[PDB]
Number of protein chains: 2
Amino acid sequence: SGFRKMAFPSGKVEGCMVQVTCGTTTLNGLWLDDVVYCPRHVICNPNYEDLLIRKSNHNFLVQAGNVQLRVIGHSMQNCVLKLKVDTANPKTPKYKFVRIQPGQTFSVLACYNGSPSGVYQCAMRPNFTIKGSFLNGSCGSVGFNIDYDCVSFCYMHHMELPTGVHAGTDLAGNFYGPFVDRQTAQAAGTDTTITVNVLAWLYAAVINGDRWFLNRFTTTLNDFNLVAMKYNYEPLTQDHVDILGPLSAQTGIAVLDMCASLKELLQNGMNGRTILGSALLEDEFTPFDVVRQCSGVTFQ
Amino acid sequence: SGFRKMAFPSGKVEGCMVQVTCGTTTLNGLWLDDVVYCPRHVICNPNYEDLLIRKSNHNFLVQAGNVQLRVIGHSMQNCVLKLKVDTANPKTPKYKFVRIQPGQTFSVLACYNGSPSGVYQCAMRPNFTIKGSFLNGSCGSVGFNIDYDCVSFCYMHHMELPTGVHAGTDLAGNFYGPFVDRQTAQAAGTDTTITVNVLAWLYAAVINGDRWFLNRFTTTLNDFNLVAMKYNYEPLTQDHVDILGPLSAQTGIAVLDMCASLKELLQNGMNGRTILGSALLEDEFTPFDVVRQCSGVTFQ
Ligand SMILES: *[C@H](O)[C@H](C[C@@H]1CCNC1=O)NC(=O)[C@H](CC(C)C)NC(=O)[C@@H](NC(=O)OCc1cccc(Cl)c1)[C@@H](C)OC(C)(C)C
Ligand SMILES: *[C@H](O)[C@H](C[C@@H]1CCNC1=O)NC(=O)[C@H](CC(C)C)NC(=O)[C@@H](NC(=O)OCc1cccc(Cl)c1)[C@@H](C)OC(C)(C)C
């Protein structure tokens, strides 16, 4: 038992992290097979197409540890740079590039100078930001999930917004949300709480024996969504109800009954109690995270 | 910016995790050089000395992935078993066995069947328990810190207590706290909040721009400790004040001034605000964790 915000083991990703230096800029790259992926703002209101035609293969310094990789080609894919190197990474895991949906989670391997610093779990907020921990030089750090032996890369870090939240791209270089890799006034836009995840976390709570918030009451999906809206929760759909089925089945609490408990938690607060060690309703655990952690799934 | 509960990158430890099966028990082992370390309760109110003399080298099945390791010797060191194998782990990092102090933190690589499941950060509670996330079969998962390229192993998991908290040993097999690896009635004993860590976390908050809890007030170390005691906080010492010096210097808030803010947070609560995304005072970040995260230290 116990419930922690858990990241995937980072070993497969650590072996892909390299340092990319061009001119006065140093950041992280992701070395898979013979390609290094990195944010395009490594290159010297810009017009990165103009800026890249002015570059030479030799302008890009790529350190894999204490071994430099020779760049033999470069190209730009949206907001990422693909640096072709003459050496395939022998540590390349099986991988995919996936774009995730707001509400889904992933692990971030925060890196500086191509060296992993730490690993933590994030969710893609409904406003396409993430609340990460990124210092200057962390660009090119990646977010990922692991499914048995397959790494799905879903995020590369590009920038911080004025509210302290973070924005980036998928590994094809397409930003999450309406952001651009320029130093122009940009703002996150209003966020909402991920309702399905809060309910998943309440099920995790019951599995670990916090039950004080349960009740005999019930509600319909509609009447629930009426209350969710007032509290800036995002609407709960029948598909969310379905995804919560397994957790409902294991605890024997109908999804709509857990909605009634959430309703009262929203309207009354927590009255000094905590749930799973939190005094707030937590929304960065998906139903899958709960099942994975509360069932013991591993990865090779 | 941003502040997350960050674990160390787990790659160095993932390459040490093996599966140890003896009889009807399977758990995790730690393979360093030609020795596999694992909880002694893998072996068939027990008297483990009697139980081990009855065992044979061949009774211990050790899988490193899809490769079995031959056991060529065994011995017991307190509550851990040391299984001598005929193959040195080529992935053995530079490492040390350290015993940590209550209040210190470490990363846990939760494993099942020798396969890493997830990584998360823990603190050793003042009552020598940890609040982990451990399912049946997780014994032998280890806790660790990484200092540049050196892994300090500090924890091996042995058991869960009735309150859902966890107990284990250092890598020399000596339990943290008054626990024993028997199925006899055992209880955690009363915990306290790690005061120095709460203050460190308040400094992290200021570094990230939560300042609402600051005040013009001050207090002496004594008058602070008088209030800490009422709230079941552990006493703050001058040495804790000293360790908070750097964070005090960076924010320009004297340690004793931050104590005054903590005092008022203790006596008034948080009035619906949050600090670093928490509605509770967080005590599992050490002053070192704060500096490491808010300064960008890496590891090779
Ligand atoms: C890459 O290492 C780095 C990572 C960030 C540095 C600190 N934390 C990070 O996550 N990325 C950048 O430095 C990035 C480079 C540009 C060219 C993409 N710039 C930013 O992250 C800035 N964000 C930004 O431009 O927001 C829009 C904006 C424009 C004008 C005025 C304001 Cl207030 C906002 C960051 C570093 O700048 C701040 C938002 C002021 C922190
Ligand atoms: C090793 O894989 C495993 C890890 C735990 C299983 C579930 N979560 C874990 O962290 N360790 C054990 O199963 C361990 C084996 C013994 C021989 C060390 N046993 C326990 O963790 C039990 N703890 C325990 O004995 O506490 C004392 C006790 C005795 C009698 C009655 C009570 Cl209520 C407590 C656990 C599995 O048992 C519970 C505390 C009832 C969950």
# chains A, B, ... in the order shown; residues from 1 in each chain; ligands from 1

call {"tool": "residues_around", "arguments": {"residues": "residue 223 of chain B", "least_positions_apart": "5", "cutoff": "12 Å", "atoms": "only C-alpha atoms", "output": "PyMOL selection string"}}
result
chain B and resi 218+228-230+235-236+256+259-260+263

call {"tool": "residues_around", "arguments": {"residues": "residue 130 of chain B", "least_positions_apart": "5", "cutoff": "12 Å", "atoms": "only C-alpha atoms", "output": "PyMOL selection string"}}
result
(chain A and resi 2+4) or (chain B and resi 101-108+120-125+143+155-161+163-169+176-177+188+191+284)

call {"tool": "closest_residue", "arguments": {"among": "B:85, B:247, B:135, B:71", "to": "chain A", "atoms": "only C-alpha atoms"}}
result
B:135

call {"tool": "residues_around", "arguments": {"residues": "residue 25 of chain B", "least_positions_apart": "5", "cutoff": "12 Å", "atoms": "only C-alpha atoms", "output": "list in words"}}
result
residues 19, 20, 38, 39, 40, 41, 42, 43, 44, 59, 60, 61, 62, 113, 136, 137, 138 and 139 of chain B

call {"tool": "interface_residues", "arguments": {"of": "chain A", "to": "chain B", "cutoff": "7 Å", "atoms": "only C-alpha atoms", "output": "PyMOL selection string"}}
result
chain A and resi 1-11+14+112+115-120+131-135+164+279-280+296-300

call {"tool": "closest_residue", "arguments": {"among": "B:96, B:81, B:239, B:21", "to": "residue 68 of chain B", "atoms": "only C-alpha atoms"}}
result
B:21

call {"tool": "closest_residue", "arguments": {"among": "A:78, A:261, A:57, A:47", "to": "residue 216 of chain A", "atoms": "only C-alpha atoms"}}
result
A:261

call {"tool": "select_by_dssp", "arguments": {"residues": "segment 118-152 of chain A", "states": "strand (DSSP E)", "output": "PyMOL selection string"}}
result
chain A and resi 118-123+142-147+150-152

call {"tool": "closest_residue", "arguments": {"among": "A:180, A:253, A:32, A:199", "to": "ligand 1", "atoms": "only C-alpha atoms and all ligand atoms"}}
result
A:180

call {"tool": "residues_around", "arguments": {"residues": "residue 234 of chain A", "least_positions_apart": "4", "cutoff": "9 Å", "atoms": "only C-alpha atoms", "output": "PyMOL selection string"}}
result
chain A and resi 126+192-196+225+228-229

call {"tool": "write_last_selection", "arguments": {"atoms": "C-alpha atoms", "output": "PDB file, in the first residue's frame"}}
result
ATOM      1  CA  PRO A 126      -5.963  21.541 -19.956  1.00  0.00           C
ATOM      2  CA  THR A 192      -9.199  23.906 -15.252  1.00  0.00           C
ATOM      3  CA  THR A 193      -9.022  20.922 -12.925  1.00  0.00           C
ATOM      4  CA  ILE A 194      -8.907  17.466 -14.547  1.00  0.00           C
ATOM      5  CA  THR A 195     -12.074  15.922 -13.113  1.00  0.00           C
ATOM      6  CA  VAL A 196     -11.524  12.335 -14.225  1.00  0.00           C
ATOM      7  CA  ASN A 225     -21.332  18.375 -14.348  1.00  0.00           C
ATOM      8  CA  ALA A 228     -18.122  20.752 -11.727  1.00  0.00           C
ATOM      9  CA  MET A 229     -18.601  23.829 -13.939  1.00  0.00           C
TER      10      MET A 229
END

call {"tool": "atom_distance", "arguments": {"atom1": "atom 24 (C, counted along the ligand's line) of ligand 1", "atom2": "atom CA of residue 45 of chain A"}}
result
11.3 Å

call {"tool": "closest_residue", "arguments": {"among": "B:207, B:79, B:99, B:289", "to": "residue 49 of chain B", "atoms": "only C-alpha atoms"}}
result
B:79

call {"tool": "atom_distance", "arguments": {"atom1": "atom CA of residue 162 of chain B", "atom2": "atom 36 (C, counted along the ligand's line) of ligand 2"}}
result
8.2 Å

call {"tool": "atom_distance", "arguments": {"atom1": "atom CA of residue 26 of chain B", "atom2": "atom 41 (C, counted along the ligand's line) of ligand 2"}}
result
17.3 Å

call {"tool": "closest_residue", "arguments": {"among": "B:187, B:52, B:30, B:93", "to": "ligand 2", "atoms": "only C-alpha atoms and all ligand atoms"}}
result
B:187

call {"tool": "residues_around", "arguments": {"residues": "residue 212 of chain A", "least_positions_apart": "5", "cutoff": "10 Å", "atoms": "only C-alpha atoms", "output": "PyMOL selection string"}}
result
chain A and resi 205-206+261+270+273-275

call {"tool": "write_last_selection", "arguments": {"atoms": "N, CA and C atoms", "output": "mmCIF file, in the first residue's frame"}}
result
data_model
loop_
_atom_site.group_PDB
_atom_site.id
_atom_site.type_symbol
_atom_site.label_atom_id
_atom_site.label_comp_id
_atom_site.auth_asym_id
_atom_site.auth_seq_id
_atom_site.Cartn_x
_atom_site.Cartn_y
_atom_site.Cartn_z
ATOM 1 N N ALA A 205 -7.462 6.603 -3.038
ATOM 2 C CA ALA A 205 -7.618 6.853 -1.615
ATOM 3 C C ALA A 205 -8.360 5.712 -0.930
ATOM 4 N N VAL A 206 -9.489 5.280 -1.506
ATOM 5 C CA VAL A 206 -10.236 4.171 -0.914
ATOM 6 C C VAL A 206 -9.388 2.902 -0.899
ATOM 7 N N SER A 261 -19.476 12.140 -3.786
ATOM 8 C CA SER A 261 -18.467 12.494 -2.792
ATOM 9 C C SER A 261 -17.647 13.690 -3.247
ATOM 10 N N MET A 270 -12.636 20.263 2.951
ATOM 11 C CA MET A 270 -12.155 19.031 3.556
ATOM 12 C C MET A 270 -12.191 19.069 5.082
ATOM 13 N N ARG A 273 -9.345 17.591 7.351
ATOM 14 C CA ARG A 273 -8.791 16.323 6.915
ATOM 15 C C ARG A 273 -7.971 16.423 5.644
ATOM 16 N N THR A 274 -7.250 15.335 5.418
ATOM 17 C CA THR A 274 -6.417 15.133 4.250
ATOM 18 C C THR A 274 -6.824 13.830 3.576
ATOM 19 N N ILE A 275 -6.551 13.756 2.280
ATOM 20 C CA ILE A 275 -6.750 12.556 1.483
ATOM 21 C C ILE A 275 -5.404 12.203 0.885
#
